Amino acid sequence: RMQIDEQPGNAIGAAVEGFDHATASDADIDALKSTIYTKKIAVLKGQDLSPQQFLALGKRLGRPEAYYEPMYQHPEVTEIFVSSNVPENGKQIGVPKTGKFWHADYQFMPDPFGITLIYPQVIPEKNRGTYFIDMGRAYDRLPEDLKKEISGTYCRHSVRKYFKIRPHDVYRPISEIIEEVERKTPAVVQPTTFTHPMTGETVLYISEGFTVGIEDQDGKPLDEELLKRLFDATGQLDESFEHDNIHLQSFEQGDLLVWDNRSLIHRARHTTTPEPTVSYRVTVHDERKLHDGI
């Protein structure tokens, strides 16, 4: 039935053939999750699923959690995060072109989930994909001066930079929305590096989209150049996307991307044209927290 073909050596990614979430065994799920923690990306091939079946597939990997802002939610399945620029019956479903920035999912939240699932529905014919950076691999290749400078430091993550304007936000003062974002989703504090509870790797838990500051042990803020140097060194400032840390993951019809939300930061690659693009997303919590300090 299920057959996992991992990429050779330390290459990122792994293809999964003949996977049926309804008939997959417990050993198939454990082996798949083990591939996600080690190969970071698991591409399920030939997935023809309804929105209800996509949620049932995500339930096999963990406990799904719906996005906190309801305008992203699928009308039928509230646990499905919808990124869509294609109206259905003239109504806007989801939010158009999400995640066009380096980030980890729910990084700005106090308890991020460990597994992210992406099921593209409408795929533009050419320049479409998703960039990826292994922050565990990025920390290992950091310069020694940066490793010891961030030792014992903390980082603050906030969605204040890419919080999308909601339909009911029209005609409201922009400072009224800013204070609402800082009230409902205040900046969370995480250690700059944590230990992956599944693999034991040291993960540099930062992202240009969500990480807004860096502090030492006492919470005393450090110069924001330290964060900018970390973004530059890991490849999050390369607008050409030719950095060695950057991996471009494309997909065909029927692919279902399941990747490690602890180690990986990602960025949506969209066309420079108004070409239709629809993607469904399910995000689940596994048997452990983001790290053993949460």
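The first residue of the shown sequence is 1; numbering continues from there. Think of the rigid core as the biggest set of C-alphas that the two forms share within 1.5 Å after superposition.
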Taking the root mean square of C-alpha distances over all structures and residues in 6 other deposited structures of this protein, with a rigid core superposition, name the larger of 236-244 and 263-271. 263-271
Higher-deviation segment by CA RMS in 6 other deposited structures of this protein, core fitted, 151-159 or 90-98: 90-98
So which stretch wins on mean C-alpha B-factor, 242-250 or 222-230? 242-250
Report the stretch with the higher mean CA temperature factor, choosing between 199-207 and 123-131 on the basis of the entry. 123-131
Take the CA temperature factors straight from the PDB entry and tell me which of 144, 169, 215, 105 peaks. 144
Selection from 89, 73, 116, 153 [criterion: highest C-alpha temperature factor in the record]: 89
Chain-relative C-alpha B factor for residue 38 (record values, thirds): the middle
What third of the chain, by the recorded C-alpha B-factor, contains residue 137? middle
Please rank the C-alpha B-factors of the chain's modelled residues and tell me whether residue 283 sits in the lowest, middle or highest third. middle
Mind checking which third residue 27 falls in for C-alpha B-factor across the chain? highest
Third assignment of residue 65 from its chain's C-alpha B-factors: middle
